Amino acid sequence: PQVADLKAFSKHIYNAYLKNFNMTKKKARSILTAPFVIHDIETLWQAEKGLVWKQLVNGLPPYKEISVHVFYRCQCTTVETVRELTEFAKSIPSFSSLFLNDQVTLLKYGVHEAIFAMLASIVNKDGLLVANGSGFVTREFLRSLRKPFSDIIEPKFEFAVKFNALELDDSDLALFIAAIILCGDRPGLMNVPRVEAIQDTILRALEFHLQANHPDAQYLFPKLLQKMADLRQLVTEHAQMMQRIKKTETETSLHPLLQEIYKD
């Protein structure tokens, strides 16, 4: 029953993944191998005028400085990805079967881990794609921002480069992300056994998918479990840096949805 049942299960989640995420790793890698390079104030200014963003510039807070503007651009991209992760989750029948409060709990504590995991898809050692792959913001430019804003993004690059060395494709990622969302460990969950059961099914689907898709990649599955653990620490460290900013930079605002996610 299992292997055939789980291949169908995997196929469905892969389809949900393709349906709800505009930028695939496949699409991203092709571009990363002709986007407009953002590497300083002038080119970002030109990008804001030239490129097509999902969130219009006039919708963002009034311009103060480059570091804070980038910080707001990060929030915009995050909120957009959270929107897609929500529809991705809702496109998974077992997820949508959960009570709505549990759905919210899983998304609340899950999306940032998933975002940092998916972030690698549009990242190389030199920078990351923005504006639907129309732009490419350099890693050095992001390093050049003033404290505390420069230190937030660099750890995500470090994780991504190691993560991309595993060479997962979109079919692997769909299951990997699904396993991050449907996680029985989240605080305040109502029906833990049910979520743990779904999570187990996804992980069994993944281990079989990896054997079929990556037959010669030894220890690939336990390595990915470790990355799931690593992502929890990355998010923990991220939340601390975000907290530092709210305290020290009282002038800067936080998007209301993100306020709710960080409410604790």
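Start at 1 with the first residue shown and count on from there. In this text, the rigid core denotes the largest set of C-alpha atoms whose superposition between the two forms falls within 1.5 Å.
Participant: Given a rigid core fit, name the stretch, 93-101 or 75-83, whose C-alphas are on average farther from the form shown here in 7 other deposited structures of this protein.
Facilitator: Between 93-101 and 75-83, the one lying farther away in 7 other deposited structures of this protein is 93-101.
Participant: Rigid core fitted first, then name the stretch among 39-47 and 62-70 whose C-alphas deviate most from the displayed form in 7 other deposited structures of this protein.
Facilitator: Most displaced of the pair in 7 other deposited structures of this protein: 62-70.
Participant: For the other entries of this protein included in the comparison (both sides of the residue modelled), is residue 54 absent in a third of them or more?
Facilitator: Across the other compared entries, residue 54 is absent from at least a third.
Participant: With respect to the deposited sequence, how many residues separating residue 33 from residue 34 are not represented by coordinates: none, 1 to 3, 4 to 9, or 10 or more?
Facilitator: Gap between residue 33 and residue 34: 4 to 9 unmodelled residues.
Participant: Higher average CA B factor in the deposited record is what I'm after, so tell me if that's 221-229 or 54-62.
Facilitator: On average, C-alpha B-factors are higher across 54-62.
Participant: Higher mean Cα B-factor in the deposited model: 36-44 or 193-201?
Facilitator: Comparing 36-44 with 193-201, the higher mean C-alpha B-factor belongs to 36-44.
Participant: Looking at 111, 152, 173, 74, which one carries the largest C-alpha B-factor according to the PDB entry?
Facilitator: Within the set 111, 152, 173, 74, 152 shows the top C-alpha B-factor.
Participant: When the CA B-factors of 28, 212, 70, 206 are compared as recorded in the entry, which is the largest?
Facilitator: Checking the PDB record, the top C-alpha B-factor among 28, 212, 70, 206 is at 212.
Participant: Looking at the entry's B-factor column for C-alpha atoms only, identify whether residue 121 ranks in the lowest, middle or highest third of its chain.
Facilitator: Residue 121: CA B-factor falls in the middle third of its chain.
Participant: In terms of the CA temperature factor given in the entry, to which third of its chain does residue 162 belong: lowest, middle or highest?
Facilitator: Middle third by C-alpha B-factor.
Participant: Where does residue 19 sit by CA temperature factor within its chain: lowest, middle or highest third?
Facilitator: It falls in the middle third of the chain.
Participant: Going by what the PDB entry lists, where does residue 131 fall on CA B-factor within its chain: lowest, middle or highest third?
Facilitator: Tercile = highest for this residue's CA B-factor.
Participant: Lowest, middle or highest third: where is residue 184 by C-alpha B factor in its chain?
Facilitator: Answer is lowest: the recorded C-alpha B-factor places it there.
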